[PDB]
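Everything in the sequence shown is counted per the numbering used here, starting at 7 for the first residue and increasing by one. Every residue gets a Cβ at the ideal spot worked out from N, C-alpha and C, and that includes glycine.
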Amino acid sequence: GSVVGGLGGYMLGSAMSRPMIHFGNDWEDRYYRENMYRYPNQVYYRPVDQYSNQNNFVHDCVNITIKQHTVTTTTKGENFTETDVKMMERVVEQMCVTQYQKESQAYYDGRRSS
């Protein structure tokens, strides 16, 4: 149990099935796959209601999911080798990319006539 103050006003989505990331290397793909459960199933997003663009959102989502996942463990007895971080950066992006797109679509149906 931890004081999640450094987020403060974020939202934590549902868990989801692992992205398959086509890294372009054969060995990376399997390396991720072999230990893939060591990376999270969820991501932390601010509400899309006060964001703009996708790249900068993608950035700060990574920089909070990875921040938590690399601290909530390195407060117990964990560390993250850079290779873990490369794998995790792609998965953590690929989850929060769909997270934003889904909540974007919710807000854009609002823009329609909903």
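query: Looking at C-alpha atoms only, which residue of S119, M42 and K108 is the closest neighbour of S20?; result: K108
query: Look at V68 and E99 and say whether their C-beta atoms are less than 8 angstroms apart.; result: yes
query: For the alpha helix (DSSP H) holding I72, just list the boundary residues, first then last.; result: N61 to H75
query: Taking the C-alpha atoms as reference points, what is the distance between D32 and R39?; result: 11 angstroms
query: Three or more C-beta pairs closer than 8 angstroms, one from the stretch 22–37 and one from the stretch 82–102: is that the case here?; result: yes
query: For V77, count neighbouring Cβ atoms within 10 angstroms of its own Cβ and tell me buried if that reaches 16, exposed if not.; result: exposed
query: Looking only at its own chain, which residues have a Cβ that is under 8 angstroms from the Cβ of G15, when we skip the five neighbours before and after it?; result: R52
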